[PDB]
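> I'm passing along target26.pdb; it holds PDB, C-alpha atoms.
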ATOM      1  CA  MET T   1     -15.550 -92.912  46.400
ATOM      2  CA  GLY T   2     -12.830 -95.455  45.815
ATOM      3  CA  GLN T   3      -9.093 -94.958  46.254
ATOM      4  CA  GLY T   4      -8.781 -93.211  42.879
ATOM      5  CA  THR T   5      -5.174 -91.996  43.425
ATOM      6  CA  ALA T   6      -5.093 -90.737  39.866
ATOM      7  CA  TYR T   7      -4.278 -87.060  39.373
ATOM      8  CA  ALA T   8      -6.225 -86.779  36.131
ATOM      9  CA  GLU T   9      -9.238 -88.671  37.501
ATOM     10  CA  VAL T  10      -9.372 -86.635  40.690
ATOM     11  CA  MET T  11      -9.417 -83.458  38.618
ATOM     12  CA  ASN T  12     -11.920 -84.911  36.116
ATOM     13  CA  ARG T  13     -14.549 -85.316  38.789
ATOM     14  CA  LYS T  14     -13.722 -81.976  40.433
ATOM     15  CA  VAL T  15     -13.866 -80.107  37.125
ATOM     16  CA  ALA T  16     -17.133 -81.782  36.129
ATOM     17  CA  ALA T  17     -18.684 -80.636  39.396
ATOM     18  CA  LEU T  18     -16.945 -77.298  39.020
ATOM     19  CA  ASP T  19     -19.157 -76.294  36.095
ATOM     20  CA  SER T  20     -22.300 -77.532  37.866
ATOM     21  CA  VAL T  21     -21.532 -76.053  41.299
ATOM     22  CA  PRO T  22     -22.344 -72.350  42.072
ATOM     23  CA  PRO T  23     -19.355 -69.927  41.871
ATOM     24  CA  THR T  24     -19.868 -69.108  45.549
ATOM     25  CA  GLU T  25     -19.121 -72.691  46.512
ATOM     26  CA  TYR T  26     -15.778 -72.592  44.683
ATOM     27  CA  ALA T  27     -14.194 -72.070  48.078
ATOM     28  CA  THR T  28     -14.628 -75.784  48.777
ATOM     29  CA  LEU T  29     -13.044 -76.774  45.507
ATOM     30  CA  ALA T  30     -10.228 -74.235  45.699
ATOM     31  CA  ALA T  31      -9.089 -75.890  48.874
ATOM     32  CA  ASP T  32      -9.162 -79.300  47.164
ATOM     33  CA  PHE T  33      -7.149 -78.113  44.186
ATOM     34  CA  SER T  34      -4.699 -76.475  46.582
ATOM     35  CA  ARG T  35      -4.507 -79.758  48.517
ATOM     36  CA  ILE T  36      -3.742 -81.553  45.275
ATOM     37  CA  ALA T  37      -1.044 -78.995  44.395
ATOM     38  CA  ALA T  38       0.567 -79.381  47.824
ATOM     39  CA  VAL T  39       0.994 -83.083  47.241
ATOM     40  CA  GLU T  40       3.516 -84.320  44.760
ATOM     41  CA  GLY T  41       2.419 -85.706  41.416
ATOM     42  CA  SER T  42       0.362 -82.609  40.844
ATOM     43  CA  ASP T  43       0.754 -80.303  37.858
ATOM     44  CA  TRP T  44       0.495 -76.580  37.146
ATOM     45  CA  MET T  45      -3.155 -77.188  36.315
ATOM     46  CA  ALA T  46      -3.981 -77.835  39.969
ATOM     47  CA  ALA T  47      -2.528 -74.403  40.743
ATOM     48  CA  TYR T  48      -4.500 -72.958  37.815
ATOM     49  CA  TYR T  49      -7.796 -74.216  39.195
ATOM     50  CA  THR T  50      -6.943 -73.170  42.737
ATOM     51  CA  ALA T  51      -6.516 -69.573  41.566
ATOM     52  CA  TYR T  52      -9.590 -69.925  39.368
ATOM     53  CA  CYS T  53     -11.802 -70.937  42.249
ATOM     54  CA  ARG T  54     -10.687 -67.803  44.134
ATOM     55  CA  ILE T  55     -10.883 -65.353  41.224
ATOM     56  CA  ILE T  56     -14.417 -66.219  40.045
ATOM     57  CA  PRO T  57     -16.139 -65.464  43.440
ATOM     58  CA  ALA T  58     -13.786 -62.452  43.691
ATOM     59  CA  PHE T  59     -16.023 -60.652  41.231
ATOM     60  CA  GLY T  60     -18.874 -61.201  43.653
ATOM     61  CA  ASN T  61     -16.672 -60.610  46.703
ATOM     62  CA  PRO T  62     -15.207 -57.092  46.653
ATOM     63  CA  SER T  63     -14.839 -57.352  50.440
ATOM     64  CA  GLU T  64     -11.533 -59.217  50.195
ATOM     65  CA  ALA T  65     -11.080 -59.546  46.443
ATOM     66  CA  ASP T  66      -7.642 -58.036  46.788
ATOM     67  CA  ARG T  67      -6.672 -60.391  49.665
ATOM     68  CA  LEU T  68      -7.915 -63.499  47.866
ATOM     69  CA  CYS T  69      -6.045 -62.216  44.844
ATOM     70  CA  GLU T  70      -2.850 -62.654  46.878
ATOM     71  CA  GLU T  71      -3.592 -66.363  47.322
ATOM     72  CA  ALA T  72      -4.650 -66.791  43.694
ATOM     73  CA  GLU T  73      -1.668 -64.875  42.371
ATOM     74  CA  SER T  74       0.759 -66.975  44.364
ATOM     75  CA  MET T  75      -0.845 -70.151  42.997
ATOM     76  CA  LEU T  76      -0.792 -68.659  39.488
ATOM     77  CA  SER T  77       2.873 -67.837  39.922
ATOM     78  CA  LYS T  78       3.493 -71.507  40.639
ATOM     79  CA  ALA T  79       1.827 -72.408  37.333
ATOM     80  CA  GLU T  80       4.014 -69.867  35.554
ATOM     81  CA  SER T  81       7.128 -71.114  37.357
ATOM     82  CA  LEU T  82       6.469 -74.745  36.350
ATOM     83  CA  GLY T  83       6.179 -73.870  32.694
ATOM     84  CA  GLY T  84       2.485 -74.291  32.089
ATOM     85  CA  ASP T  85       0.344 -72.367  29.638
ATOM     86  CA  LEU T  86       1.092 -68.716  30.224
ATOM     87  CA  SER T  87      -2.023 -67.550  28.393
ATOM     88  CA  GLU T  88      -4.443 -69.530  30.558
ATOM     89  CA  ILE T  89      -3.030 -68.134  33.787
ATOM     90  CA  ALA T  90      -2.666 -64.707  32.198
ATOM     91  CA  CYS T  91      -6.415 -64.799  31.642
ATOM     92  CA  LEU T  92      -6.986 -65.539  35.319
ATOM     93  CA  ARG T  93      -4.602 -62.741  36.306
ATOM     94  CA  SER T  94      -6.412 -60.184  34.145
ATOM     95  CA  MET T  95      -9.711 -61.156  35.786
ATOM     96  CA  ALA T  96      -8.189 -60.739  39.231
ATOM     97  CA  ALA T  97      -7.247 -57.172  38.355
ATOM     98  CA  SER T  98     -10.736 -56.648  36.956
ATOM     99  CA  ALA T  99     -12.361 -57.995  40.145
ATOM    100  CA  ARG T 100     -10.282 -55.627  42.267
ATOM    101  CA  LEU T 101     -11.265 -52.826  39.896
ATOM    102  CA  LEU T 102     -14.960 -53.449  40.687
ATOM    103  CA  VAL T 103     -14.377 -52.237  44.260
ATOM    104  CA  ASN T 104     -14.025 -48.732  42.832
ATOM    105  CA  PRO T 105     -15.084 -48.722  39.143
ATOM    106  CA  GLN T 106     -14.375 -45.026  38.885
ATOM    107  CA  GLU T 107     -10.720 -44.636  39.831
ATOM    108  CA  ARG T 108      -9.341 -48.202  39.638
ATOM    109  CA  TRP T 109      -9.357 -48.026  35.830
ATOM    110  CA  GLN T 110      -5.932 -46.357  35.705
ATOM    111  CA  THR T 111      -4.108 -49.135  37.551
ATOM    112  CA  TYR T 112      -6.291 -52.250  37.645
ATOM    113  CA  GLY T 113      -7.680 -51.698  34.179
ATOM    114  CA  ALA T 114      -4.128 -51.422  32.940
ATOM    115  CA  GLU T 115      -3.186 -54.628  34.799
ATOM    116  CA  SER T 116      -6.031 -56.481  33.121
ATOM    117  CA  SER T 117      -5.051 -55.059  29.736
ATOM    118  CA  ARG T 118      -1.408 -56.001  30.282
ATOM    119  CA  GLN T 119      -2.301 -59.555  31.216
ATOM    120  CA  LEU T 120      -4.670 -59.870  28.249
ATOM    121  CA  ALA T 121      -1.934 -58.798  25.907
ATOM    122  CA  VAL T 122       0.150 -61.549  27.475
ATOM    123  CA  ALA T 123      -2.722 -64.028  27.018
ATOM    124  CA  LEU T 124      -2.987 -63.260  23.311
ATOM    125  CA  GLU T 125       0.783 -63.428  22.884
ATOM    126  CA  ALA T 126       1.167 -66.707  24.805
ATOM    127  CA  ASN T 127      -1.717 -68.485  23.086
ATOM    128  CA  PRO T 128      -3.176 -66.573  20.106
ATOM    129  CA  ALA T 129      -5.787 -69.297  19.621
ATOM    130  CA  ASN T 130      -6.949 -69.096  23.239
ATOM    131  CA  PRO T 131     -10.759 -68.564  23.377
ATOM    132  CA  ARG T 132     -10.570 -67.134  26.869
ATOM    133  CA  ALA T 133      -7.994 -64.562  25.821
ATOM    134  CA  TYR T 134     -10.398 -63.287  23.145
ATOM    135  CA  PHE T 135     -13.342 -63.601  25.536
ATOM    136  CA  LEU T 136     -11.783 -61.378  28.124
ATOM    137  CA  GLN T 137     -10.770 -58.983  25.389
ATOM    138  CA  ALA T 138     -14.319 -58.801  24.093
ATOM    139  CA  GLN T 139     -15.667 -58.351  27.604
ATOM    140  CA  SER T 140     -13.126 -55.681  28.474
ATOM    141  CA  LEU T 141     -13.654 -53.818  25.191
ATOM    142  CA  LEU T 142     -17.448 -54.097  25.496
ATOM    143  CA  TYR T 143     -17.519 -52.571  28.940
ATOM    144  CA  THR T 144     -14.807 -50.016  28.208
ATOM    145  CA  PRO T 145     -15.880 -46.540  29.456
ATOM    146  CA  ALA T 146     -14.088 -44.987  26.431
ATOM    147  CA  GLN T 147     -10.934 -45.050  28.626
ATOM    148  CA  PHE T 148      -9.133 -47.548  26.413
ATOM    149  CA  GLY T 149     -10.852 -46.391  23.225
ATOM    150  CA  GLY T 150     -12.909 -49.538  23.194
ATOM    151  CA  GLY T 151     -16.550 -50.306  22.759
ATOM    152  CA  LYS T 152     -18.725 -53.112  21.420
ATOM    153  CA  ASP T 153     -17.308 -52.148  18.026
ATOM    154  CA  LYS T 154     -13.856 -53.251  19.096
ATOM    155  CA  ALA T 155     -15.292 -56.269  20.879
ATOM    156  CA  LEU T 156     -17.024 -57.413  17.680
ATOM    157  CA  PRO T 157     -14.106 -59.570  16.313
ATOM    158  CA  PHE T 158     -13.089 -60.710  19.793
ATOM    159  CA  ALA T 159     -16.532 -62.028  20.684
ATOM    160  CA  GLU T 160     -16.783 -63.944  17.415
ATOM    161  CA  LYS T 161     -13.179 -65.153  17.802
ATOM    162  CA  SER T 162     -13.727 -66.757  21.189
ATOM    163  CA  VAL T 163     -16.958 -68.414  20.021
ATOM    164  CA  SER T 164     -15.298 -69.651  16.828
ATOM    165  CA  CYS T 165     -12.564 -71.237  18.915
ATOM    166  CA  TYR T 166     -15.089 -73.064  21.173
ATOM    167  CA  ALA T 167     -16.642 -74.631  18.089
ATOM    168  CA  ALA T 168     -13.380 -76.496  17.470
ATOM    169  CA  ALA T 169     -12.734 -76.893  21.177
ATOM    170  CA  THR T 170     -12.623 -80.652  21.484
ATOM    171  CA  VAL T 171     -11.344 -80.291  25.059
ATOM    172  CA  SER T 172      -8.449 -82.471  26.156
ATOM    173  CA  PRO T 173      -7.463 -84.392  28.097
ATOM    174  CA  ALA T 174     -10.902 -84.008  29.695
ATOM    175  CA  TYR T 175     -10.574 -81.817  32.754
ATOM    176  CA  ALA T 176      -9.377 -78.969  30.561
ATOM    177  CA  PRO T 177     -11.252 -75.699  31.441
ATOM    178  CA  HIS T 178     -14.786 -75.537  30.024
ATOM    179  CA  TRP T 179     -15.588 -72.220  31.637
ATOM    180  CA  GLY T 180     -16.258 -69.190  29.510
ATOM    181  CA  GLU T 181     -17.786 -71.251  26.688
ATOM    182  CA  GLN T 182     -21.352 -70.174  27.421
ATOM    183  CA  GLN T 183     -20.263 -66.713  28.464
ATOM    184  CA  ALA T 184     -18.452 -66.020  25.189
ATOM    185  CA  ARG T 185     -21.441 -67.185  23.200
ATOM    186  CA  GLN T 186     -23.816 -64.820  25.011
ATOM    187  CA  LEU T 187     -21.152 -62.112  25.046
ATOM    188  CA  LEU T 188     -21.189 -62.073  21.256
ATOM    189  CA  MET T 189     -24.923 -61.221  21.308
ATOM    190  CA  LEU T 190     -24.143 -58.482  23.705
ATOM    191  CA  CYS T 191     -21.133 -57.342  21.638
ATOM    192  CA  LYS T 192     -22.933 -57.141  18.334
ATOM    193  CA  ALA T 193     -26.552 -56.931  19.389
ATOM    194  CA  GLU T 194     -27.104 -57.531  15.727
ATOM    195  CA  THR T 195     -30.561 -59.012  16.355
ATOM    196  CA  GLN T 196     -30.874 -59.677  12.609
ATOM    197  CA  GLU T 197     -33.924 -61.701  11.617
ATOM    198  CA  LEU T 198     -32.700 -65.129  10.473
ATOM    199  CA  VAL T 199     -35.701 -67.444  11.006
ATOM    200  CA  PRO T 200     -36.329 -68.075   7.249
ATOM    201  CA  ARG T 201     -34.183 -70.784   5.702
TER     202      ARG T 201
END
Can you turn what I pasted into structure tokens?


Amino acid sequence: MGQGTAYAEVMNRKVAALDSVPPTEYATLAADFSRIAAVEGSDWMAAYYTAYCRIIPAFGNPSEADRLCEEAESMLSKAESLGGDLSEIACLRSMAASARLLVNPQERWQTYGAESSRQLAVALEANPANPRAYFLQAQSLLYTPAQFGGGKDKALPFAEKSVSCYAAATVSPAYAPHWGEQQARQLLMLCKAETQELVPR
């Protein structure tokens, strides 16, 4: 609709639909972000979203999660090469390892779990204020099968951390990633399961 020709505007519409559209349909959008990245005038963010659109359905697609990881990883590498936010792409990389882990959630812990953990450490180091970095940490710790010495107990500060960050998350310029906001919020309930009565005020 209209010539547009603006990198930010093209992404603004795509990102807005991205939240609304089912994760299965990310395949359509991944291609578009990739198309944007191929053309000049694009930024690392286009690569970020391209990988994102592959990684999210990867969790629900163990059939070729590893193969789609290859595409996502290459795009992520481009983001890293350009000099974009390391933490944001680190978060995507940890998820990719996690998605591959789901194929065999009994033996993949040693390698893929480690990959996710390694990337998360990178995410926290790169951007210590990153909500997604804490979110993934809380999620990983919550669902830790005692392998990493985790548990909801260790996910307690991480779940609250990510949520606390979203509270101040103004979001800029506009097409900045909104994903994980709702997930972190519900994750906290899962992480604490405090269920403390607080109706009276």

> Ranking T:95, T:21, T:168, T:187 by minimum distance to residue 72 (chain T) and counting all atoms listed in the file, which one comes first?

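Using all atoms listed in the file, the shortest distance to residue 72 (chain T) belongs to T:95.
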
> Using only C-alpha atoms, which residue out of T:68, T:96, T:165, T:45 lies closest to residue 83 (chain T)?

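Smallest distance to residue 83 (chain T) is found for T:45.
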
> Do you know which residues the PyMOL selection byres ((chain T and resi 125) around 12) returns on this file, as a PyMOL selection string?

chain T and resi 85-88+90-91+118-124+126-130+133-134

> State, in Å with one decimal place, the distance from CA of residue 42 (chain T) to CA of residue 183 (chain T).

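Going from CA of residue 42 (chain T) over to CA of residue 183 (chain T), I get 28.8 Å.
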
> Once you count all atoms listed in the file, what closest atom pair and distance in Å to one decimal does each residue of region 69-145 of chain T within 12 Å of region 30-40 of chain T have, with rows by chain and rising residue number, as CSV?


residue,atom,partner,partner_atom,distance
T:71,CA,T:34,CA,10.2
T:72,CA,T:30,CA,9.5
T:74,CA,T:34,CA,11.2
T:75,CA,T:34,CA,8.2
T:76,CA,T:34,CA,11.3
T:78,CA,T:37,CA,9.5
T:79,CA,T:37,CA,10.1
T:82,CA,T:37,CA,11.8

> Could you check the closest approach to residue 66 (chain T) for each of T:188, T:47, T:97, T:92 and tell me which residue wins, using all atoms listed in the file?

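Answer, going by the shortest atom-to-atom distance: T:97.
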
> Write out as a PyMOL selection string which residues come within 9 Å of residue 18 (chain T) when counting all atoms listed in the file, dropping same-chain ones fewer than 5 positions away.

chain T and resi 13+23+26+29+53

> Which distance in Å separates CA of residue 143 (chain T) and CA of residue 25 (chain T), to one decimal?

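Value for the CA of residue 143 (chain T)-CA of residue 25 (chain T) distance: 26.8 Å.
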
> Please provide as a ChimeraX atom specification all residues within 9 Å of residue 192 (chain T), with the sequence filter that same-chain residues fewer than 5 positions apart are discarded (counting all atoms listed in the file).

/T:152-153,155-156,159,187

> Identify which of the residues T:154, T:201, T:41, T:17 lies closest to residue 142 (chain T), counting only C-alpha atoms when measuring atom-to-atom distances.

T:154
